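Heads up: the structure comes next, in structure tokens.
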Protein chains: 2
Amino acid sequence: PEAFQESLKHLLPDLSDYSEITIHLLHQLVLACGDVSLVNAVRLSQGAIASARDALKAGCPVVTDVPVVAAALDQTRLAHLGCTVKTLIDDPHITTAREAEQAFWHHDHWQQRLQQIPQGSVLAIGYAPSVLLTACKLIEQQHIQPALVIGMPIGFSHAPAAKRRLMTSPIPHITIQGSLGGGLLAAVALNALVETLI
Amino acid sequence: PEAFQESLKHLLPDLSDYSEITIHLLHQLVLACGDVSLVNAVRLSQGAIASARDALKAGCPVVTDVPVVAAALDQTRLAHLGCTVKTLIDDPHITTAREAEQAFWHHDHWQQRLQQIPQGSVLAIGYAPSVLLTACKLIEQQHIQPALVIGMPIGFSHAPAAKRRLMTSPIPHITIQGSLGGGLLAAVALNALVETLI
């Protein structure tokens, strides 16, 4: 789980184009939010790219936390690959970490839907830290086994240590160290991996 | 001129894919020589990629110092663009900085061929520091005006300060700070820019 400069170092003596893909992803994130810091804050695990491509080529399920993340996904490219897209809740108005944490407090069985995610799924969490925390716990206990976790919720003061907990996970992941998150960032990240595949 | 990490910083809030192109070029260099240091040593100037693409799209002439550089160029792609390829000398056996400096000492009129390079041409120097130095001098005096200079000669003890002199040039350029050079590196660099255009 390392930064741009370090990743790039070890990916350049590779036959694959993982270095080009990594910088494409950073570029797309910066074009979404306008913040060059993400070169530092963004963290990919070794084998994140490879696990992503392998899962996408096999037409993996894709699960997002909330609808706005799903709706920003490149839906037609994903359909061509045979990937289906689902959300953990259906609330149409979620724009902040507070609206998200509130909404995941009302629904009584989103944890059920998370627990049922198919092995090999891509899990993209753009809004709610508590959902990312629950995902990390289920992974540790070996109840779920996604191919990839994209964890880019917003970080708030006294948040569930979620992004930091994801960095210790044995599951391939991409995250944003610190309090940056939300917007469409999680969807942009996944889109960058989709568009460099087809 | 500036390194990888710095270039990348200022190229990410750009609409164009110059950040992806830069990392592709680094990647190709590392696949040619196997040396990850070039991330540090390689230096691009601010307008380098853009000037390259503009000149290649216009079917610019390409001039190399020696045949082995020309022969490593992607000849068919360049022909499709309308770019011609020429060399400053025709010696078929040049493998080291010594064989190159020797050969540019015998020929009496390579400086004439250099002085004649058309405005807007791409100049790729892979072997001889003294040729790069002469090129820098002609540029300062405004006798020649290439669109781009790729300067990747070998750096030897008490060499003509050439690579360092190229970094002060007003002409867009790509070079390798320090004593690394030769092989096919100059040709690989140019090829990376050609293949990401067509």
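Chain labels run A, B, ... following the order of the structure tokens; each chain numbers its residues from 1, and ligands are numbered from 1 in the order shown.
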
Spatial neighbours of residue 71 (chain B), max dist 12 Å, only C-alpha atoms, sep filter under 2 positions, as a PDB file with N, CA, C and O atoms, in the first residue's frame:
ATOM      1  N   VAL B  63      16.908  14.193 -37.718  1.00  0.00           N
ATOM      2  CA  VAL B  63      18.338  14.023 -37.894  1.00  0.00           C
ATOM      3  C   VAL B  63      18.941  13.369 -36.648  1.00  0.00           C
ATOM      4  O   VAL B  63      18.702  13.817 -35.525  1.00  0.00           O
ATOM      5  N   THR B  64      19.720  12.297 -36.852  1.00  0.00           N
ATOM      6  CA  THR B  64      20.441  11.656 -35.763  1.00  0.00           C
ATOM      7  C   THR B  64      21.930  11.926 -35.960  1.00  0.00           C
ATOM      8  O   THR B  64      22.338  12.287 -37.056  1.00  0.00           O
ATOM      9  N   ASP B  65      22.724  11.760 -34.891  1.00  0.00           N
ATOM     10  CA  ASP B  65      24.175  11.857 -34.989  1.00  0.00           C
ATOM     11  C   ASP B  65      24.744  10.687 -35.796  1.00  0.00           C
ATOM     12  O   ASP B  65      25.518  10.919 -36.726  1.00  0.00           O
ATOM     13  N   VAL B  66      24.355   9.440 -35.480  1.00  0.00           N
ATOM     14  CA  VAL B  66      25.009   8.270 -36.065  1.00  0.00           C
ATOM     15  C   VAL B  66      23.979   7.238 -36.521  1.00  0.00           C
ATOM     16  O   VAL B  66      22.831   7.250 -36.064  1.00  0.00           O
ATOM     17  N   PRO B  67      24.364   6.320 -37.445  1.00  0.00           N
ATOM     18  CA  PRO B  67      23.422   5.370 -38.044  1.00  0.00           C
ATOM     19  C   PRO B  67      22.662   4.449 -37.104  1.00  0.00           C
ATOM     20  O   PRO B  67      21.517   4.128 -37.380  1.00  0.00           O
ATOM     21  N   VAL B  68      23.308   4.002 -36.027  1.00  0.00           N
ATOM     22  CA  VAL B  68      22.705   3.029 -35.134  1.00  0.00           C
ATOM     23  C   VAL B  68      21.482   3.648 -34.448  1.00  0.00           C
ATOM     24  O   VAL B  68      20.523   2.940 -34.144  1.00  0.00           O
ATOM     25  N   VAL B  69      21.511   4.966 -34.221  1.00  0.00           N
ATOM     26  CA  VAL B  69      20.366   5.679 -33.674  1.00  0.00           C
ATOM     27  C   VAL B  69      19.239   5.692 -34.705  1.00  0.00           C
ATOM     28  O   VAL B  69      18.119   5.309 -34.391  1.00  0.00           O
ATOM     29  N   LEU B  73      15.092   3.709 -35.010  1.00  0.00           N
ATOM     30  CA  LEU B  73      13.877   4.506 -35.099  1.00  0.00           C
ATOM     31  C   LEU B  73      12.764   3.674 -35.735  1.00  0.00           C
ATOM     32  O   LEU B  73      13.023   2.801 -36.557  1.00  0.00           O
ATOM     33  N   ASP B  74      11.524   3.962 -35.338  1.00  0.00           N
ATOM     34  CA  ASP B  74      10.355   3.291 -35.884  1.00  0.00           C
ATOM     35  C   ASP B  74      10.100   3.853 -37.279  1.00  0.00           C
ATOM     36  O   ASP B  74       9.313   4.782 -37.441  1.00  0.00           O
ATOM     37  N   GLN B  75      10.788   3.269 -38.266  1.00  0.00           N
ATOM     38  CA  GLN B  75      10.903   3.814 -39.611  1.00  0.00           C
ATOM     39  C   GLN B  75       9.557   3.885 -40.343  1.00  0.00           C
ATOM     40  O   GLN B  75       9.348   4.798 -41.139  1.00  0.00           O
ATOM     41  N   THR B  76       8.657   2.927 -40.090  1.00  0.00           N
ATOM     42  CA  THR B  76       7.429   2.833 -40.870  1.00  0.00           C
ATOM     43  C   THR B  76       6.418   3.862 -40.366  1.00  0.00           C
ATOM     44  O   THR B  76       5.812   4.563 -41.173  1.00  0.00           O
ATOM     45  N   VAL B  85      14.367  10.630 -42.386  1.00  0.00           N
ATOM     46  CA  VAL B  85      15.409  10.367 -41.404  1.00  0.00           C
ATOM     47  C   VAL B  85      16.770  10.511 -42.075  1.00  0.00           C
ATOM     48  O   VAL B  85      17.008   9.863 -43.086  1.00  0.00           O
ATOM     49  N   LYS B  86      17.657  11.323 -41.482  1.00  0.00           N
ATOM     50  CA  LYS B  86      19.037  11.447 -41.928  1.00  0.00           C
ATOM     51  C   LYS B  86      19.993  11.393 -40.736  1.00  0.00           C
ATOM     52  O   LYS B  86      19.587  11.551 -39.584  1.00  0.00           O
ATOM     53  N   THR B  87      21.283  11.198 -41.046  1.00  0.00           N
ATOM     54  CA  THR B  87      22.338  11.108 -40.052  1.00  0.00           C
ATOM     55  C   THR B  87      23.418  12.122 -40.404  1.00  0.00           C
ATOM     56  O   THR B  87      23.558  12.500 -41.565  1.00  0.00           O
ATOM     57  N   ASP B  90      27.944   8.608 -41.618  1.00  0.00           N
ATOM     58  CA  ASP B  90      27.451   7.362 -42.184  1.00  0.00           C
ATOM     59  C   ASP B  90      28.250   6.157 -41.681  1.00  0.00           C
ATOM     60  O   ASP B  90      27.986   5.041 -42.121  1.00  0.00           O
ATOM     61  N   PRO B  92      29.247   2.918 -40.211  1.00  0.00           N
ATOM     62  CA  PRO B  92      28.380   1.822 -39.773  1.00  0.00           C
ATOM     63  C   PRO B  92      28.735   1.166 -38.435  1.00  0.00           C
ATOM     64  O   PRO B  92      27.911   0.437 -37.884  1.00  0.00           O
ATOM     65  N   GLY B 126      22.587  10.470 -29.827  1.00  0.00           N
ATOM     66  CA  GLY B 126      22.673   9.340 -28.919  1.00  0.00           C
ATOM     67  C   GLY B 126      24.087   9.008 -28.438  1.00  0.00           C
ATOM     68  O   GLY B 126      24.207   8.263 -27.464  1.00  0.00           O
ATOM     69  N   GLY B 183      23.654   3.307 -26.029  1.00  0.00           N
ATOM     70  CA  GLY B 183      22.720   2.262 -26.430  1.00  0.00           C
ATOM     71  C   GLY B 183      21.773   2.776 -27.516  1.00  0.00           C
ATOM     72  O   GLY B 183      22.207   3.401 -28.480  1.00  0.00           O
ATOM     73  N   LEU B 184      20.468   2.537 -27.330  1.00  0.00           N
ATOM     74  CA  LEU B 184      19.467   3.016 -28.271  1.00  0.00           C
ATOM     75  C   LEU B 184      18.585   4.083 -27.623  1.00  0.00           C
ATOM     76  O   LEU B 184      17.550   4.427 -28.187  1.00  0.00           O
ATOM     77  N   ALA B 186      18.293   7.287 -27.135  1.00  0.00           N
ATOM     78  CA  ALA B 186      17.763   8.451 -27.825  1.00  0.00           C
ATOM     79  C   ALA B 186      16.650   8.056 -28.796  1.00  0.00           C
ATOM     80  O   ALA B 186      15.695   8.813 -28.979  1.00  0.00           O
ATOM     81  N   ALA B 187      16.806   6.894 -29.438  1.00  0.00           N
ATOM     82  CA  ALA B 187      15.838   6.418 -30.414  1.00  0.00           C
ATOM     83  C   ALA B 187      14.576   5.914 -29.714  1.00  0.00           C
ATOM     84  O   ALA B 187      13.470   6.133 -30.186  1.00  0.00           O
ATOM     85  N   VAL B 188      14.752   5.200 -28.609  1.00  0.00           N
ATOM     86  CA  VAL B 188      13.634   4.745 -27.806  1.00  0.00           C
ATOM     87  C   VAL B 188      12.795   5.945 -27.344  1.00  0.00           C
ATOM     88  O   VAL B 188      11.574   5.910 -27.442  1.00  0.00           O
ATOM     89  N   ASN B 191      10.843   7.216 -30.276  1.00  0.00           N
ATOM     90  CA  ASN B 191       9.847   6.223 -30.652  1.00  0.00           C
ATOM     91  C   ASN B 191       8.623   6.291 -29.735  1.00  0.00           C
ATOM     92  O   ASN B 191       7.504   6.108 -30.194  1.00  0.00           O
TER      93      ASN B 191
END

Discussion item. Based on only C-alpha atoms, which of the residues in chain A come within 8 Å of chain B? I want them as a list in words.
Written reply: residues 5, 9, 12, 13, 14, 15, 19, 20, 23, 24, 26, 27, 30, 31, 34, 36 and 39 of chain A

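Atom pair CA of residue 197 (chain B) / CA of residue 81 (chain B) has a distance of 9.9 Å (rounded to one decimal).
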
Item to complete: Within 10 Å of residue 116 (chain B), counting only C-alpha atoms, which residues show up once you throw out same-chain ones fewer than 5 positions away? Write them as a list in words, please.
Response: residues 110, 111, 143 and 144 of chain B

Taking N, CA, C and O atoms for each residue, export the selection above as a CSV table (one decimal), in the first residue's frame.
chain,number,residue,atom,x,y,z
B,110,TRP,N,30.7,17.5,-41.1
B,110,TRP,CA,29.5,17.1,-40.5
B,110,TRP,C,28.8,18.3,-39.9
B,110,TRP,O,27.6,18.4,-39.8
B,111,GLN,N,29.7,19.3,-39.5
B,111,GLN,CA,29.2,20.6,-39.0
B,111,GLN,C,28.3,21.3,-40.0
B,111,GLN,O,27.4,22.0,-39.7
B,143,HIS,N,21.7,30.0,-35.4
B,143,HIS,CA,21.9,29.5,-36.7
B,143,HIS,C,21.0,28.4,-37.1
B,143,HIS,O,20.7,28.2,-38.2
B,144,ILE,N,20.5,27.6,-36.1
B,144,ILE,CA,19.6,26.5,-36.3
B,144,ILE,C,18.5,26.6,-35.3
B,144,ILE,O,18.6,27.2,-34.3

Using every C-alpha atom paired in order, could you least-squares fit chain A onto chain B and give me the moved chain as a PDB file with C-alpha atoms, in the first residue's frame?
ATOM      1  CA  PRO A   1      14.054  21.278 -17.602  1.00  0.00           C
ATOM      2  CA  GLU A   2      12.733  19.193 -14.680  1.00  0.00           C
ATOM      3  CA  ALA A   3      12.473  15.583 -13.463  1.00  0.00           C
ATOM      4  CA  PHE A   4       9.605  13.049 -13.475  1.00  0.00           C
ATOM      5  CA  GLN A   5       7.935  13.896 -10.146  1.00  0.00           C
ATOM      6  CA  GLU A   6       7.907  17.666 -10.834  1.00  0.00           C
ATOM      7  CA  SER A   7       6.760  17.408 -14.470  1.00  0.00           C
ATOM      8  CA  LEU A   8       3.947  15.055 -13.425  1.00  0.00           C
ATOM      9  CA  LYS A   9       2.754  17.510 -10.763  1.00  0.00           C
ATOM     10  CA  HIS A  10       2.146  20.321 -13.283  1.00  0.00           C
ATOM     11  CA  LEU A  11       0.850  18.028 -16.101  1.00  0.00           C
ATOM     12  CA  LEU A  12      -2.001  16.403 -14.134  1.00  0.00           C
ATOM     13  CA  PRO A  13      -4.369  19.448 -14.170  1.00  0.00           C
ATOM     14  CA  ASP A  14      -3.958  19.466 -17.985  1.00  0.00           C
ATOM     15  CA  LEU A  15      -6.641  18.308 -20.441  1.00  0.00           C
ATOM     16  CA  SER A  16      -3.971  16.606 -22.568  1.00  0.00           C
ATOM     17  CA  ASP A  17      -2.371  13.208 -21.896  1.00  0.00           C
ATOM     18  CA  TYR A  18       1.152  14.545 -21.408  1.00  0.00           C
ATOM     19  CA  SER A  19       1.483  12.840 -18.007  1.00  0.00           C
ATOM     20  CA  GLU A  20       0.676   9.437 -19.529  1.00  0.00           C
ATOM     21  CA  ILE A  21       3.118  10.118 -22.401  1.00  0.00           C
ATOM     22  CA  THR A  22       5.918  11.083 -19.990  1.00  0.00           C
ATOM     23  CA  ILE A  23       5.579   7.837 -18.019  1.00  0.00           C
ATOM     24  CA  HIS A  24       5.336   5.777 -21.206  1.00  0.00           C
ATOM     25  CA  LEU A  25       8.660   7.288 -22.304  1.00  0.00           C
ATOM     26  CA  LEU A  26      10.311   6.508 -18.940  1.00  0.00           C
ATOM     27  CA  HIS A  27       8.884   2.974 -19.060  1.00  0.00           C
ATOM     28  CA  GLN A  28      10.263   2.339 -22.575  1.00  0.00           C
ATOM     29  CA  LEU A  29      13.712   3.653 -21.521  1.00  0.00           C
ATOM     30  CA  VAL A  30      13.757   1.314 -18.536  1.00  0.00           C
ATOM     31  CA  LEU A  31      12.713  -1.625 -20.758  1.00  0.00           C
ATOM     32  CA  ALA A  32      15.633  -0.785 -23.069  1.00  0.00           C
ATOM     33  CA  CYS A  33      18.440  -0.563 -20.448  1.00  0.00           C
ATOM     34  CA  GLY A  34      16.975  -2.004 -17.227  1.00  0.00           C
ATOM     35  CA  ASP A  35      17.889   1.008 -15.048  1.00  0.00           C
ATOM     36  CA  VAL A  36      15.188   2.632 -12.896  1.00  0.00           C
ATOM     37  CA  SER A  37      17.507   5.608 -12.099  1.00  0.00           C
ATOM     38  CA  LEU A  38      16.369   7.293 -15.331  1.00  0.00           C
ATOM     39  CA  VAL A  39      13.233   8.382 -13.440  1.00  0.00           C
ATOM     40  CA  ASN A  40      15.598  10.772 -11.597  1.00  0.00           C
ATOM     41  CA  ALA A  41      18.227  11.457 -14.285  1.00  0.00           C
ATOM     42  CA  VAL A  42      15.813  12.036 -17.192  1.00  0.00           C
ATOM     43  CA  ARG A  43      14.902  15.704 -17.703  1.00  0.00           C
ATOM     44  CA  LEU A  44      12.178  17.100 -19.952  1.00  0.00           C
ATOM     45  CA  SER A  45      11.679  20.794 -20.660  1.00  0.00           C
ATOM     46  CA  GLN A  46       8.228  22.315 -20.325  1.00  0.00           C
ATOM     47  CA  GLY A  47       6.735  22.116 -23.812  1.00  0.00           C
ATOM     48  CA  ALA A  48       9.050  19.264 -24.954  1.00  0.00           C
ATOM     49  CA  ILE A  49       6.151  16.839 -25.518  1.00  0.00           C
ATOM     50  CA  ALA A  50       3.979  19.486 -27.153  1.00  0.00           C
ATOM     51  CA  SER A  51       6.755  20.701 -29.449  1.00  0.00           C
ATOM     52  CA  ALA A  52       7.520  17.082 -30.394  1.00  0.00           C
ATOM     53  CA  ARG A  53       3.919  16.196 -31.273  1.00  0.00           C
ATOM     54  CA  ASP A  54       3.418  19.425 -33.225  1.00  0.00           C
ATOM     55  CA  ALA A  55       6.581  18.765 -35.269  1.00  0.00           C
ATOM     56  CA  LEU A  56       5.814  15.059 -35.839  1.00  0.00           C
ATOM     57  CA  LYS A  57       2.223  15.816 -36.926  1.00  0.00           C
ATOM     58  CA  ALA A  58       3.678  18.273 -39.456  1.00  0.00           C
ATOM     59  CA  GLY A  59       6.009  15.514 -40.734  1.00  0.00           C
ATOM     60  CA  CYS A  60       9.229  17.138 -39.498  1.00  0.00           C
ATOM     61  CA  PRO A  61      12.739  16.131 -40.633  1.00  0.00           C
ATOM     62  CA  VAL A  62      14.539  13.881 -38.134  1.00  0.00           C
ATOM     63  CA  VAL A  63      18.341  14.027 -37.840  1.00  0.00           C
ATOM     64  CA  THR A  64      20.443  11.618 -35.759  1.00  0.00           C
ATOM     65  CA  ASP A  65      24.168  11.811 -34.992  1.00  0.00           C
ATOM     66  CA  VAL A  66      24.993   8.240 -36.069  1.00  0.00           C
ATOM     67  CA  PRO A  67      23.420   5.336 -38.055  1.00  0.00           C
ATOM     68  CA  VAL A  68      22.702   3.009 -35.132  1.00  0.00           C
ATOM     69  CA  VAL A  69      20.365   5.659 -33.682  1.00  0.00           C
ATOM     70  CA  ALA A  70      18.550   6.083 -37.025  1.00  0.00           C
ATOM     71  CA  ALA A  71      18.266   2.293 -37.499  1.00  0.00           C
ATOM     72  CA  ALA A  72      16.547   1.874 -34.125  1.00  0.00           C
ATOM     73  CA  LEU A  73      13.869   4.438 -35.096  1.00  0.00           C
ATOM     74  CA  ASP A  74      10.341   3.230 -35.844  1.00  0.00           C
ATOM     75  CA  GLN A  75      10.864   3.858 -39.559  1.00  0.00           C
ATOM     76  CA  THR A  76       7.404   2.824 -40.824  1.00  0.00           C
ATOM     77  CA  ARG A  77       5.409   4.942 -38.360  1.00  0.00           C
ATOM     78  CA  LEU A  78       7.672   7.906 -39.242  1.00  0.00           C
ATOM     79  CA  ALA A  79       7.119   7.337 -42.970  1.00  0.00           C
ATOM     80  CA  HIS A  80       3.345   7.318 -42.406  1.00  0.00           C
ATOM     81  CA  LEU A  81       3.685  10.785 -40.765  1.00  0.00           C
ATOM     82  CA  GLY A  82       5.818  12.036 -43.673  1.00  0.00           C
ATOM     83  CA  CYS A  83       9.007  12.408 -41.580  1.00  0.00           C
ATOM     84  CA  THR A  84      12.335  11.737 -43.314  1.00  0.00           C
ATOM     85  CA  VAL A  85      15.382  10.493 -41.387  1.00  0.00           C
ATOM     86  CA  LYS A  86      19.011  11.569 -41.905  1.00  0.00           C
ATOM     87  CA  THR A  87      22.317  11.081 -40.061  1.00  0.00           C
ATOM     88  CA  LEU A  88      25.232  13.488 -39.597  1.00  0.00           C
ATOM     89  CA  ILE A  89      27.748  10.743 -40.524  1.00  0.00           C
ATOM     90  CA  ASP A  90      27.439   7.329 -42.178  1.00  0.00           C
ATOM     91  CA  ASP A  91      30.022   5.269 -40.220  1.00  0.00           C
ATOM     92  CA  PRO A  92      28.355   1.838 -39.706  1.00  0.00           C
ATOM     93  CA  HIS A  93      30.432   0.757 -36.676  1.00  0.00           C
ATOM     94  CA  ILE A  94      29.920   3.087 -33.700  1.00  0.00           C
ATOM     95  CA  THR A  95      29.246   1.440 -30.326  1.00  0.00           C
ATOM     96  CA  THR A  96      31.009   3.636 -27.738  1.00  0.00           C
ATOM     97  CA  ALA A  97      31.586   7.294 -26.949  1.00  0.00           C
ATOM     98  CA  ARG A  98      35.222   6.836 -28.071  1.00  0.00           C
ATOM     99  CA  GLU A  99      34.383   5.318 -31.468  1.00  0.00           C
ATOM    100  CA  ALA A 100      31.931   8.214 -31.909  1.00  0.00           C
ATOM    101  CA  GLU A 101      34.207  11.075 -30.877  1.00  0.00           C
ATOM    102  CA  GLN A 102      36.955   9.592 -33.075  1.00  0.00           C
ATOM    103  CA  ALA A 103      34.626   9.392 -36.098  1.00  0.00           C
ATOM    104  CA  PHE A 104      33.406  13.000 -35.686  1.00  0.00           C
ATOM    105  CA  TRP A 105      37.085  14.033 -35.669  1.00  0.00           C
ATOM    106  CA  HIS A 106      37.805  12.469 -39.098  1.00  0.00           C
ATOM    107  CA  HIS A 107      34.834  13.905 -41.024  1.00  0.00           C
ATOM    108  CA  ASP A 108      35.556  17.516 -41.992  1.00  0.00           C
ATOM    109  CA  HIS A 109      32.026  18.744 -42.775  1.00  0.00           C
ATOM    110  CA  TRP A 110      29.508  17.143 -40.404  1.00  0.00           C
ATOM    111  CA  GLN A 111      29.219  20.627 -38.899  1.00  0.00           C
ATOM    112  CA  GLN A 112      28.010  21.757 -42.341  1.00  0.00           C
ATOM    113  CA  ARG A 113      25.259  19.118 -42.343  1.00  0.00           C
ATOM    114  CA  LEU A 114      24.264  20.151 -38.788  1.00  0.00           C
ATOM    115  CA  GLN A 115      24.214  23.855 -39.735  1.00  0.00           C
ATOM    116  CA  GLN A 116      21.812  23.019 -42.587  1.00  0.00           C
ATOM    117  CA  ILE A 117      19.204  21.216 -40.453  1.00  0.00           C
ATOM    118  CA  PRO A 118      15.711  22.511 -41.413  1.00  0.00           C
ATOM    119  CA  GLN A 119      13.838  24.731 -38.963  1.00  0.00           C
ATOM    120  CA  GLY A 120      11.382  22.590 -36.977  1.00  0.00           C
ATOM    121  CA  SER A 121      13.541  19.413 -37.160  1.00  0.00           C
ATOM    122  CA  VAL A 122      13.864  16.825 -34.408  1.00  0.00           C
ATOM    123  CA  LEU A 123      17.557  16.328 -33.562  1.00  0.00           C
ATOM    124  CA  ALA A 124      18.411  13.082 -31.747  1.00  0.00           C
ATOM    125  CA  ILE A 125      21.985  12.708 -30.506  1.00  0.00           C
ATOM    126  CA  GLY A 126      22.676   9.335 -28.906  1.00  0.00           C
ATOM    127  CA  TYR A 127      26.511   8.969 -28.944  1.00  0.00           C
ATOM    128  CA  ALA A 128      28.796  12.037 -29.326  1.00  0.00           C
ATOM    129  CA  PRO A 129      28.939  14.834 -26.666  1.00  0.00           C
ATOM    130  CA  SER A 130      30.956  17.146 -28.931  1.00  0.00           C
ATOM    131  CA  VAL A 131      28.126  17.054 -31.490  1.00  0.00           C
ATOM    132  CA  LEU A 132      25.617  18.001 -28.783  1.00  0.00           C
ATOM    133  CA  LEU A 133      27.912  20.857 -27.703  1.00  0.00           C
ATOM    134  CA  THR A 134      28.191  22.161 -31.266  1.00  0.00           C
ATOM    135  CA  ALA A 135      24.406  21.962 -31.565  1.00  0.00           C
ATOM    136  CA  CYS A 136      23.948  23.987 -28.363  1.00  0.00           C
ATOM    137  CA  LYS A 137      26.373  26.642 -29.640  1.00  0.00           C
ATOM    138  CA  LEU A 138      24.602  26.932 -33.020  1.00  0.00           C
ATOM    139  CA  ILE A 139      21.280  27.321 -31.185  1.00  0.00           C
ATOM    140  CA  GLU A 140      22.625  30.087 -28.917  1.00  0.00           C
ATOM    141  CA  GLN A 141      23.943  31.915 -32.008  1.00  0.00           C
ATOM    142  CA  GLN A 142      20.540  31.364 -33.691  1.00  0.00           C
ATOM    143  CA  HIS A 143      22.013  29.574 -36.741  1.00  0.00           C
ATOM    144  CA  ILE A 144      19.667  26.550 -36.350  1.00  0.00           C
ATOM    145  CA  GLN A 145      16.221  26.167 -34.795  1.00  0.00           C
ATOM    146  CA  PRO A 146      15.091  22.533 -34.267  1.00  0.00           C
ATOM    147  CA  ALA A 147      11.668  21.881 -32.733  1.00  0.00           C
ATOM    148  CA  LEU A 148      13.254  19.444 -30.278  1.00  0.00           C
ATOM    149  CA  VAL A 149      16.666  18.191 -29.214  1.00  0.00           C
ATOM    150  CA  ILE A 150      16.970  14.736 -27.663  1.00  0.00           C
ATOM    151  CA  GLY A 151      20.453  14.756 -26.098  1.00  0.00           C
ATOM    152  CA  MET A 152      21.428  11.383 -24.635  1.00  0.00           C
ATOM    153  CA  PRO A 153      25.166  10.983 -25.434  1.00  0.00           C
ATOM    154  CA  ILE A 154      27.375   9.175 -22.970  1.00  0.00           C
ATOM    155  CA  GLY A 155      29.011  11.384 -20.316  1.00  0.00           C
ATOM    156  CA  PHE A 156      32.762  10.811 -19.896  1.00  0.00           C
ATOM    157  CA  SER A 157      35.292  12.380 -17.511  1.00  0.00           C
ATOM    158  CA  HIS A 158      36.221  15.909 -18.655  1.00  0.00           C
ATOM    159  CA  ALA A 159      33.573  15.639 -21.386  1.00  0.00           C
ATOM    160  CA  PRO A 160      32.421  18.782 -23.214  1.00  0.00           C
ATOM    161  CA  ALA A 161      29.801  20.017 -20.740  1.00  0.00           C
ATOM    162  CA  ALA A 162      27.049  19.252 -23.242  1.00  0.00           C
ATOM    163  CA  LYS A 163      24.080  17.705 -21.409  1.00  0.00           C
ATOM    164  CA  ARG A 164      24.308  20.428 -18.762  1.00  0.00           C
ATOM    165  CA  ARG A 165      24.603  23.056 -21.518  1.00  0.00           C
ATOM    166  CA  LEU A 166      21.501  21.683 -23.280  1.00  0.00           C
ATOM    167  CA  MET A 167      19.483  22.208 -20.070  1.00  0.00           C
ATOM    168  CA  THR A 168      20.033  25.996 -20.347  1.00  0.00           C
ATOM    169  CA  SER A 169      18.892  26.078 -23.985  1.00  0.00           C
ATOM    170  CA  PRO A 170      15.747  27.985 -25.085  1.00  0.00           C
ATOM    171  CA  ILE A 171      14.982  25.053 -27.418  1.00  0.00           C
ATOM    172  CA  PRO A 172      12.675  22.262 -26.103  1.00  0.00           C
ATOM    173  CA  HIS A 173      14.751  19.245 -25.157  1.00  0.00           C
ATOM    174  CA  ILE A 174      14.940  15.884 -23.405  1.00  0.00           C
ATOM    175  CA  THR A 175      18.200  14.752 -21.812  1.00  0.00           C
ATOM    176  CA  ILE A 176      19.772  12.445 -19.195  1.00  0.00           C
ATOM    177  CA  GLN A 177      21.559  14.363 -16.411  1.00  0.00           C
ATOM    178  CA  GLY A 178      24.795  12.530 -15.573  1.00  0.00           C
ATOM    179  CA  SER A 179      27.016  10.007 -17.340  1.00  0.00           C
ATOM    180  CA  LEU A 180      24.242   7.691 -18.653  1.00  0.00           C
ATOM    181  CA  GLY A 181      23.654   7.504 -22.412  1.00  0.00           C
ATOM    182  CA  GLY A 182      24.379   5.543 -25.574  1.00  0.00           C
ATOM    183  CA  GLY A 183      22.717   2.230 -26.423  1.00  0.00           C
ATOM    184  CA  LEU A 184      19.455   2.965 -28.258  1.00  0.00           C
ATOM    185  CA  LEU A 185      18.132   5.374 -25.598  1.00  0.00           C
ATOM    186  CA  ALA A 186      17.761   8.447 -27.822  1.00  0.00           C
ATOM    187  CA  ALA A 187      15.848   6.410 -30.414  1.00  0.00           C
ATOM    188  CA  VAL A 188      13.637   4.757 -27.802  1.00  0.00           C
ATOM    189  CA  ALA A 189      12.750   8.227 -26.455  1.00  0.00           C
ATOM    190  CA  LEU A 190      11.679   9.501 -29.863  1.00  0.00           C
ATOM    191  CA  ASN A 191       9.839   6.228 -30.607  1.00  0.00           C
ATOM    192  CA  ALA A 192       7.780   6.595 -27.420  1.00  0.00           C
ATOM    193  CA  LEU A 193       6.535   9.999 -28.664  1.00  0.00           C
ATOM    194  CA  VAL A 194       5.798   8.606 -32.137  1.00  0.00           C
ATOM    195  CA  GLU A 195       3.820   5.584 -30.932  1.00  0.00           C
ATOM    196  CA  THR A 196       1.591   7.686 -28.626  1.00  0.00           C
ATOM    197  CA  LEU A 197       0.686   9.908 -31.582  1.00  0.00           C
ATOM    198  CA  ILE A 198      -0.273   7.158 -34.062  1.00  0.00           C
TER     199      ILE A 198
END

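Backbone DSSP assigns strand (DSSP E) in region 11-187 of chain A to residues 42, 43, 44, 62, 63, 64, 85, 86, 87, 122, 123, 124, 125, 148, 149, 150, 151, 173, 174, 175 and 176 of chain A.
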